[PDB]
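Letter by letter, the sequence shown follows residues 8 to 220 in our numbering.
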Amino acid sequence: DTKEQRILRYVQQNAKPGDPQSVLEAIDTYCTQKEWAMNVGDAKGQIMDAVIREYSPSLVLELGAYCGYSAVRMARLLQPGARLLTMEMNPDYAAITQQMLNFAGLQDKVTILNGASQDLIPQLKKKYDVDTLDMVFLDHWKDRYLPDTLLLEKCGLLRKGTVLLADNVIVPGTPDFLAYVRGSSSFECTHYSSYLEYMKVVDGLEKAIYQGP
Ligand SMILES: CCc1ncnc2c1ncn2[C@@H]1O[C@H](/C=C/CNC(=O)c2cc(-c3ccc(F)cc3)cc(O)c2O)[C@@H](O)[C@H]1O
Ligand SMILES: [Cl-]
Ligand SMILES: [Cl-]
Ligand SMILES: [Mg+2]
């Protein structure tokens, strides 16, 4: 099997069904003690919690679910009736994420879309009944952050005030995206310095709030 499957099974073996904190803690312990994995992690995760609580979004889009760590983190903090859409191209990872959300008891808050973001984004309005997004969490391949930010705009999915929150803007880094939003009158940017998951290495999140066209 794969590292991702081993993470899920360690959650199953250890955590408590219906308890999202137990799931987060299980994943973090596995990935600290056994095998590193690219989950956002607890350090950055605490910043994400603070941002999600500040804005109280009704509709969040995540790009790159992976094993569902960040989807559990965000969905647990959504107000009742608010929703998360998460896109994941890898079918195996998409199924791991769904099972992780199911185990956490958060399945009714989250829709896992198995496909490439560039294919799914244009479908959001007609197929998933989206008007505009309140928040977008970027955590997929780093060279797709800028392409997909521009595609979101083109598709009319950003409103005045939509909060973009980008992982890994220091390591591995997303240089075209970061330079773009920081240089653009269409974004208001704030940097939250933190640490790479499971490591004593500086990373950070970028918050980039869309100002309108
Ligand atoms: C095609 C568009 C598209 N559409 C839909 N789903 C997509 C997608 N592109 C990618 N996916 C999925 O997203 C996830 C990949 C995410 C990529 N993430 C990092 O590379 C990364 C690396 C480090 C790090 C590595 C090594 C180091 F030394 C240090 C840091 C730390 C981090 O937090 C990181 O996020 C997987 O589930 C993909 O299947
Ligand atoms: Cl994650
Ligand atoms: Cl961490
Ligand atoms: Mg990341």
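Idealized CB from N, CA, C, for every residue including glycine.
For ligand 2, is there any heavy atom lying closer than 7 angstroms to the beta carbon of residue i?
{"i": "residue 175", "result": "no"}
{"i": "residue 21", "result": "no"}
{"i": "residue 202", "result": "no"}
{"i": "residue 76", "result": "yes"}
What do you reckon, are the CB atoms on residue i and residue j nearer than 8 angstroms?
{"i": "residue 70", "j": "residue 140", "result": "no"}
{"i": "residue 117", "j": "residue 76", "result": "no"}
So which of the options has the shortest CA-CA distance to residue i?
{"i": "residue 42", "options": "58, 133, 68, 12", "result": "12"}
{"i": "residue 209", "options": "193, 179, 189, 195", "result": "179"}
{"i": "residue 155", "options": "176, 36, 127", "result": "127"}
Along the beta strand (DSSP E) that carries residue i, what are the first and last residues, could you check?
{"i": "residue 93", "result": "90 to 95"}
{"i": "residue 196", "result": "194 to 202"}
{"i": "residue 168", "result": "165 to 173"}
{"i": "residue 157", "result": "It is not in any beta strand (DSSP E) - residue 157 instead sits in the alpha helix (DSSP H) that spans 152 to 161."}
Residue range of the alpha helix (DSSP H) that residue i falls in?
{"i": "residue 77", "result": "76 to 82"}
{"i": "residue 13", "result": "10 to 21"}
{"i": "residue 215", "result": "Careful: residue 215 lies outside any alpha helix (DSSP H), inside the beta strand (DSSP E) at 209 to 217."}
{"i": "residue 30", "result": "27 to 40"}
{"i": "residue 146", "result": "From DSSP, residue 146 is part of no alpha helix (DSSP H); its letter is neither H nor E."}
For ligand 3, any of its heavy atoms closer than 7 angstroms to the Cβ of residue i?
{"i": "residue 48", "result": "yes"}
Which class does residue i belong to by DSSP, given the choice of helix, strand or coil?
{"i": "residue 55", "result": "helix"}
{"i": "residue 113", "result": "coil"}
{"i": "residue 47", "result": "coil"}
{"i": "residue 67", "result": "strand"}
{"i": "residue 188", "result": "helix"}
Relative to ligand 1, is the shortest distance from any of its heavy atoms to the C-beta of residue i smaller than 7 angstroms?
{"i": "residue 146", "result": "yes"}
Closer than 7 angstroms: is that where the CB of residue i sits relative to any heavy atom of ligand 4?
{"i": "residue 45", "result": "yes"}
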